[PDB]
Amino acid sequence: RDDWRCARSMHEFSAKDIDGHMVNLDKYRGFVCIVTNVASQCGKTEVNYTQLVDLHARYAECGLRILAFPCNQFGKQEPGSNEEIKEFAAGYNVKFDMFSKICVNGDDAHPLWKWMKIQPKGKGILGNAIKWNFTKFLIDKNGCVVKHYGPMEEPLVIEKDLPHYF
């Protein structure tokens, strides 16, 4: 639709988790979140999953949460079913939140992703297009986008930004 344009927080959105159940993202109010588009057959799948698991293990007790959205739009590198992707993520000992596969670009992009991309200046992205697998957004406790990190930036580079938002 168009109402996503008017939102001011991630917490105004909902999304289906990887089991198919709708999740209201306002449950993340009060938590610092990394939101990322993931893929199982990407050249950087291992480094992204393992470092995201490591960050979550290290900072969940501080309030860090991670929202992973599978997306097949980049080299068709997430071709499997939601059940297969859940089983894949389990292989990296993922304990953060897996969502159902979505689009992140184009007219059928999930509204949360349409919204994140238009956030200002250094928060949202340039060109209204996610470029590849494993773009990361840092979301503060109020659900606002505070930083983004591109497909080639390892998740551990986010660690230096976390203390300003916990």
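Don't overthink the numbering: it's just position in the shown sequence, from 1.
Relative to its counterpart among 116-124 and 55-63, 116-124 has the higher mean temperature factor, C-alpha atoms as listed in the PDB entry. Look at the mean CA B-factor for 126-134 and for 104-112 in the entry; the higher one is 126-134.
Sort the modelled residues of the chain by CA B factor and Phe88 lands in the highest third. When all modelled residues of the chain are sorted by CA temperature factor, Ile18 is found within the middle third. In the deposited entry, the Cα temperature factor of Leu25 sits in the bottom third of values across the chain's modelled residues. Residue-level temperature factors show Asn82 in the highest third of its chain, judged at the C-alpha atom.
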